Novice: 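Structure incoming, see below.
The figures here come from the full heavy-atom set of this structure, side chains too, leaving out hydrogens, waters and symmetry mates. Numbers here simply count residues along the sequence, with the first being 1. Just so you know, ligand 1 is whichever comes first in the structure, and atom 1 is the first atom listed for that ligand.
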Amino acid sequence: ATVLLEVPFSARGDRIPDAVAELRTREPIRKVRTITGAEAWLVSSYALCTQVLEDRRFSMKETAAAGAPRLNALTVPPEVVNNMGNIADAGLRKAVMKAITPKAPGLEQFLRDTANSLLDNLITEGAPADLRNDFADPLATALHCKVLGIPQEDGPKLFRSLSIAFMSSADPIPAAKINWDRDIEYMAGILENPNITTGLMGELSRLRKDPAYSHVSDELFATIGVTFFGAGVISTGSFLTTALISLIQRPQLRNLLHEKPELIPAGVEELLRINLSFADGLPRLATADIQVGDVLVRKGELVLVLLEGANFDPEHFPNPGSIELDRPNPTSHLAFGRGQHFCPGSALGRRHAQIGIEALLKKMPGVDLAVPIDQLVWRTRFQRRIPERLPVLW
Ligand code: HEM
Ligand SMILES: Nc1cccc(Cn2cncn2)c1
Ligand SMILES: Nc1cccc(Cn2cncn2)c1
């Protein structure tokens, strides 16, 4: 006898497991067991991933209900799982979305200058350099302090919550509450701090005193700062780190982008498509009985949308493991989700990666791994796949 197939399959973010293509061909929706012991439906084709993400009866907010089958334990309060819904209900969606575009005057120049400074520091110090801890993550942290309007020197302490806040655990995590309550207290103080007049927190601070928002809670305003910092920094830092591995493993591409930097946006879009940064499928709870493929999903069941299942589906993306800059459907991947919950940071995340890559390739055109790739240490039981260190030379 064997036990029911367990998820996730592997924490390694440098290769896709052969099980994904076997599932997708043979059983593109099938039952699995999560780390909590709950059963769930794992969906792994482009067609069925899109179906689930476009039908709101597969609900994100209902995954927080008491007694539901769970992918992992909550690391935030349960109402926060409906964060963007709560922001829309408070009349804040347009303003939040506006503050996190990469379009603010000076923002791109600030990203380039920050990237170049970080890279000059590594060159001065000499190889090997850790491109996660000393490049991608500080670049994401600096970006988010600037986008929020908060001091750059507060970024490192906020960032050190993230190795716990984004855990994917079978059980509640006591440190996640300690850090959440401290970070909410910090963001509440930011809303009271007259120096904070720019970025997302400067805008929320003004709207908070405007009569049209007088009954929006201070808790929601503070929660927007904590959740957008955390989700944006973990998502951009982890994506850029694993994208740099994919790039370094393709010297030909590396060299093409270095020669013809105008191709960096197309290269980043393919790097998004093939990215393994999400460690788990996106969870949803069925609110009705719904046919998905050969399975009737029942009300109350958990469904997990496997992004690499969609993004490596050869019926949508022929030769899915190859980066091809001339695809006719280049942005149709699911790296930013799809439907109601499509990522509102998508433009920002694209620009962080494009600028980080352009700066790296101009400063370190000969970048290469400084250790055999199998020697990277992949973080486990986490919502992202990331190497603990990314040692390079040039
Ligand atoms: C390369 C970087 C990023 C990737 C790959 C990414 C990916 C995603 C994905 C897959 C979702 C959908 C989740 C779901 O449907 O269950 C999402 C939603 C979200 N993302 Fe991102 N993200 C990135 C950057 C950012 C940034 C920069 C921010 C904010 C500063 C951000 C904030 C959010 C929020 C608030 C949601 C929830 C939206 C909703 O529920 O309507 N993300 N992101
Ligand atoms: N209030 C709060 C904030 C963040 C996370 C949680 C869930 N949890 C409860 N104990 C450990 N984690 C509860
Ligand atoms: N960037 C990202 C990816 C997956 C899930 C989320 C959810 N979120 C909503 N508010 C903060 N985080 C955000």
Novice: Give me the nearest non-hydrogen protein atom to atom 1 (N) of ligand 2 as residue plus atom name, then the distance to 0.1 Å.
Specialist: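 Looking at atom 1 (N) of ligand 2, the protein heavy atom closest to it is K177 NZ, 3.8 Å.
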Novice: Show which atoms of ligand 2 fall inside a sub-4.0 Å distance from at least one heavy-atom site of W180.
Specialist: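 Counting atoms of ligand 2 from 1, those under 4.0 Å from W180 are 3 (C), 4 (C).
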Novice: Among all protein heavy atoms, pick out the one at the shortest distance from atom 7 (C) of ligand 2; state its residue, atom name and that distance to 0.1 Å.
Specialist: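 For atom 7 (C) of ligand 2, the nearest protein heavy atom comes out as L74 O, 3.9 Å.
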Novice: Between the side chain of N82 and the main-chain N/O of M60, is any donor-acceptor distance below 3.5 Å?
Specialist: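 Not a single qualifying donor-acceptor pair exists.
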Novice: Atom 5 (C) of ligand 3: protein heavy atom closer than 4.0 Å?
Specialist: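 No, because not a single protein heavy atom sits under 4.0 Å from atom 5 (C) of ligand 3.
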Novice: What distance do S161 atom OG and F229 atom CZ have between them, rounded to the nearest 0.5 Å?
Specialist: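 Here the rounded value is 8.5 Å.
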Novice: Should you measure from each heavy atom of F278, which atoms of ligand 3 turn up under 4.0 Å away?
Specialist: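 In order of number, 3 (C), 4 (C).
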Novice: Are the side chain of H258 and the backbone of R254 linked by a donor-acceptor contact shorter than 3.5 Å?
Specialist: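 Checking the backbone N and O of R254 against the side chain of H258, no donor-acceptor pair under 3.5 Å is found.
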Novice: Hey, is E192 close enough to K209 for a salt bridge, meaning N to O under 4.0 Å?
Specialist: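 Answer for the salt bridge query: yes.
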Novice: Determine, using heavy atoms of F278 and all atoms of ligand 1, whether some pair is separated by less than 4.0 Å.
Specialist: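 Contact check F278 vs ligand 1: positive.
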Novice: Could you see which bit of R284 sits under 4.0 Å from ligand 1, with heavy atoms only: side chain, backbone, both or neither?
Specialist: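 It is the side chain that touches ligand 1; the backbone stays farther off.
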Novice: Does ligand 1 have a heavy atom under 4.0 Å from the side chain of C343, from its backbone, from both, or from neither?
Specialist: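 Within the 4.0 Å criterion, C343 contacts ligand 1 through backbone and side-chain atoms alike.
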Novice: Judged on heavy-atom distance to atom 10 (N) of ligand 2, which of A73, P78, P172 sits nearest?
Specialist: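 Shortest heavy-atom distance from atom 10 (N) of ligand 2: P172.
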Novice: Do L257 and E358 have side chains that approach each other closer than 4.5 Å (heavy atoms only, starting at C-beta)?
Specialist: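 Sidechains of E358 and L257: no contact.
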Novice: Do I245 and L393 sit in the same hydrophobic cluster, where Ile, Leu, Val, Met, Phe, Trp and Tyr count as joined when their side-chain heavy atoms come under 4.5 Å apart?
Specialist: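 No, it is not one cluster - the side chains of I245 and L393 are not joined through contacts under 4.5 Å.
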Novice: Tell me the contacting part of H352 for ligand 1: side chain, backbone, both, or neither, using a 4.0 Å heavy-atom threshold, strictly below.
Specialist: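 Within the 4.0 Å criterion, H352 makes no contact with ligand 1.
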Novice: Backbone, side chain, both or neither: what part of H341 comes under 4.0 angstrom of ligand 1, heavy atoms only?
Specialist: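 For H341, the contact with ligand 1 is made by both the backbone and the side chain.
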Novice: Hey, is the main chain of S59 close enough, under 3.5 Å, to the side chain of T63 for a donor-acceptor pair?
Specialist: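 Absent.
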Novice: At under 4.0 Å between heavy atoms, which part of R350 makes contact with ligand 1: side chain, backbone, both or neither?
Specialist: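 Under 4.0 Å from ligand 1, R350 contributes no heavy atoms.
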Novice: I need the atoms of ligand 1 closer than 4.0 Å to a non-hydrogen atom of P344, numbered in the order shown.
Specialist: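 Those of ligand 1 that fall under 4.0 Å from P344 are 19 (C), 20 (N), 33 (C), 34 (C), 35 (C), 36 (C), 38 (C).
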Novice: Just going by heavy-atom distances, which of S238, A353, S235 is nearest to atom 2 (C) of ligand 1?
Specialist: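 Ranked by closest heavy atom to atom 2 (C) of ligand 1, first place is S235.
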Novice: For the side chain of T223 and the backbone of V80, is there at least one donor-acceptor N/O pair under 3.5 Å apart?
Specialist: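 Answer holds: no.
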Novice: What protein heavy atom sits nearest atom 12 (N) of ligand 2, and how far off is it?
Specialist: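 For this ligand atom, the closest protein heavy atom is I173 O, 3.4 Å.
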Novice: Using heavy atoms and a 4.0 Å limit, tell me yes or no: is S235 in contact with ligand 3?
Specialist: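 It does; at least one heavy atom falls under 4.0 Å.
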Novice: Can you sort out which atoms of ligand 1 are near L282, meaning under 4.0 Å from one of its heavy atoms?
Specialist: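 Listed by number with element: 14 (C), 15 (O), 16 (O).
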Novice: Just to be sure I read this right, does ligand 3 sit under 4.0 Å from the backbone of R384, its side chain, both, or neither, counting only heavy atoms?
Specialist: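 For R384, only side-chain atoms sit under 4.0 Å from ligand 3.
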Novice: As an exercise, identify every atom of ligand 3 less than 4.0 angstrom from a heavy atom of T227.
Specialist: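 Those qualifying, in numeric order: 11 (C).
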Novice: Under a 4.0 angstrom heavy-atom cut-off, which atoms of ligand 1 come close to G337?
Specialist: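 Numbered from 1, ligand 1 contributes 10 (C).
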Novice: With atom 7 (C) of ligand 1 as the reference point, say which of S346, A335, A231 has the nearest heavy atom.
Specialist: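 Selected option, by shortest heavy-atom distance: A335.
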Novice: Just to check, does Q340 reach to within less than 4.0 Å of ligand 1 when the distance is taken from its heavy atoms?
Specialist: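 Per 4.0 Å heavy-atom rule, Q340 contacts ligand 1.
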Novice: Going from CD1 on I224 to CE on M201, what distance comes out if it is rounded to the nearest 0.5 angstrom?
Specialist: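 Rounded to the nearest 0.5 Å, the CD1-CE separation comes to 7.5 Å.
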Novice: Are there over 12 heavy-atom neighbours, none belonging to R381, within less than 6.0 Å of that residue's CZ?
Specialist: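 Open: at most 12 neighbouring heavy atoms sit under 6.0 Å from CZ of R381.
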Novice: Any ion pair linking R385 and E308 (charged N to carboxylate O, less than 4.0 Å)?
Specialist: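 Result for this pair is yes, salt bridge flagged.
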Novice: Identify the protein heavy atom lying closest to atom 8 (N) of ligand 3, giving its residue, its atom name and the separation to 0.1 Å.
Specialist: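 Sorting protein heavy atoms by distance from atom 8 (N) of ligand 3 puts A231 CB, 4.4 Å first.
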Novice: Is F239 touching ligand 1 with its side chain, its backbone, both, or neither, if touching means heavy atoms under 4.0 Å apart?
Specialist: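 Side chain only; the backbone of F239 stays clear of ligand 1.
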Novice: Please report which non-hydrogen protein atom sits nearest to atom 9 (C) of ligand 3, along with the residue it belongs to and the distance in Å to one decimal place.
Specialist: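 Nearest protein contact, heavy atoms only, for atom 9 (C) of ligand 3 is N83 ND2, 4.1 Å.
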Novice: Determine whether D55 and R57 satisfy the following criterion, salt bridge (charged side-chain N to carboxylate O under 4.0 Å, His left out), listing intermediate values before the conclusion.
Specialist: CA-CA 5 Å; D55 179 348; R57 294 175 300 160; 2.8 Å; yes
Novice: Give me the ring orientation class for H316 and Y46: parallel if the planes are under 30° apart, tilted from 30 to 60°, perpendicular past 60°.
Specialist: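 Judged by the thresholds at 30° and 60°, the geometry between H316 and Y46 is parallel.
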Novice: Under 4.0 Å from ligand 2, counting heavy atoms only, is it the side chain of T75, its backbone, both or neither?
Specialist: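 For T75, the contact with ligand 2 is made by the backbone alone.
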Novice: Is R298 paired with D289 through a side-chain N to carboxylate O contact shorter than 4.0 Å?
Specialist: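 Yes.
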Novice: Assess, by modelled atom type and distance only, whether the side chains of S277 and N275 contain a donor and an acceptor separated by less than 3.5 Å.
Specialist: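 The answer is yes; a qualifying pair exists.
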Novice: Do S163 and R379 get their side chains close enough for a donor-acceptor pair, meaning under 3.5 Å?
Specialist: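 Not at all, the side chains of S163 and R379 share no donor-acceptor pair under 3.5 Å.
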Novice: What atoms of ligand 1 come closer than 4.0 angstrom to any heavy atom of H144?
Specialist: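 So the atoms of ligand 1 that pass are 27 (C), 30 (C).
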